[PDB]
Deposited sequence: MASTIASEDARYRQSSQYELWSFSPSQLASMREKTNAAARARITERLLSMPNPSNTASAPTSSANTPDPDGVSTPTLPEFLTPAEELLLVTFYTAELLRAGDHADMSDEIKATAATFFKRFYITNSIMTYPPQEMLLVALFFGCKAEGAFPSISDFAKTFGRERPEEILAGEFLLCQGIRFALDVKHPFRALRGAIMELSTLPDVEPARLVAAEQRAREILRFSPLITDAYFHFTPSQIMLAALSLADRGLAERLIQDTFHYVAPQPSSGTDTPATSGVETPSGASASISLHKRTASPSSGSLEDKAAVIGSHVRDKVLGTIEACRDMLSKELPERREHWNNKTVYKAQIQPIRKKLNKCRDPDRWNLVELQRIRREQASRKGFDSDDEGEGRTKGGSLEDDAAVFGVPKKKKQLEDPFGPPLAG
């Protein structure tokens, strides 16, 4: 019944991109099934290829999310922008299938649109330059598409500033020691920069909950102390602690060290490459080329039936 809880429940993140694990699983499975059905119907127009499993889709989504984060670190981008880009990526590929649009391109598309969503509107040419992309249009061709995928929700909430605020709140306690707080803040911030972005943390937990989970991972004592202080001054306390513990475990399953796991060449060759070959043989033939999709949609919007280049 807290006012801040209501104001958070009024956000687009909660009403549009916050579900239960079962709902998210069913959505991903249905999206994969719809992609398979559409590509199968299109192909017959005959030996069909082997389509990706929902698990394989999720594995590729996680790998390319980690690669997007590495790219953002290479571009010296702000934490908020990197988190927004990763969230846009995950949302687009929860509403769209990996077999429909190429993630290798949607990664850069999400980084660009996240820059825009965080108030930074760079020149597309400078962006492509910094990412060694020769044709900048290859990025623009996905922009509006990505906008549709995330269902036009551009306001994404992150727990970094919440972490700093919680550290400030703990600083007022006279028993806590400054060095311990500094170490805890550093570790919790290092966690927030990777763990909640590679897992489904944003989908099942609140920025405050994710921040408290990262802190509990950095120093459980301080997080438990903060919760005890807030609730000393009931059932809600136990439920909050349980949610924080669930988020803590979901995060611990993918700690920042696992970065080296998602950039490992052996892990790539063993777990990633087969999936990419299967995708290269089962991908959507019409929707994969974003530049051509954009061209044909422009020509359909302008030229209705006055065509002079169609030969049959």
Check: Could you give the ranges of the deposited sequence that carry no C-alpha coordinates?
Finding: 1-4, 50-74, 263-311, 391-425
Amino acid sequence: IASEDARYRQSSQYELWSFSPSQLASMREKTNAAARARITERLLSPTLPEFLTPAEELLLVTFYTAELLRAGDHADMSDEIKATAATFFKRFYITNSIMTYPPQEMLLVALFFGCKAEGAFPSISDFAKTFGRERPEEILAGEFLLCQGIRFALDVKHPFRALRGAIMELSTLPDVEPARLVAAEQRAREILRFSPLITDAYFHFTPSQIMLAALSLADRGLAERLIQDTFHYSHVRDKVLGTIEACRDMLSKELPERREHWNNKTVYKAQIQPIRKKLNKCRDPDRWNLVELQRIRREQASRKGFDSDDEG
From here on, numbers count along this sequence of modelled residues.
Next item on the list: Could you settle it for me: does 88-96 or 173-181 have the higher average Cα B factor in the PDB entry?
Entry: 173-181
Checklist line | Per the entry, higher mean C-alpha B factor between 223-231 and 189-197 | finding: 223-231
Next item on the list: Determine which member of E67, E257, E56, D286 has the highest CA B-factor, using the values in the deposited entry.
Entry: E257
Note to self: In terms of recorded Cα temperature factor, pick the maximum from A246, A34, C282, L60.
What the structure shows: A246
Check: Of the three thirds of its chain by CA temperature factor, lowest, middle or highest, which one includes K239?
Finding: highest
Note to self: Please say which third, lowest, middle or highest, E134 falls into when its CA temperature factor is compared across its chain.
What the structure shows: highest
Check: Considering only modelled residues of the same chain, in which third does the CA B-factor of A218 rank: lowest, middle or highest?
Finding: highest
Next item on the list: Grab the CA temperature factor for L16 from the record and place it in the lowest, middle or highest third of its chain.
Entry: lowest
Check: By its CA B factor, does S123 count among the lowest, middle or highest third of the modelled residues in the chain?
Finding: highest
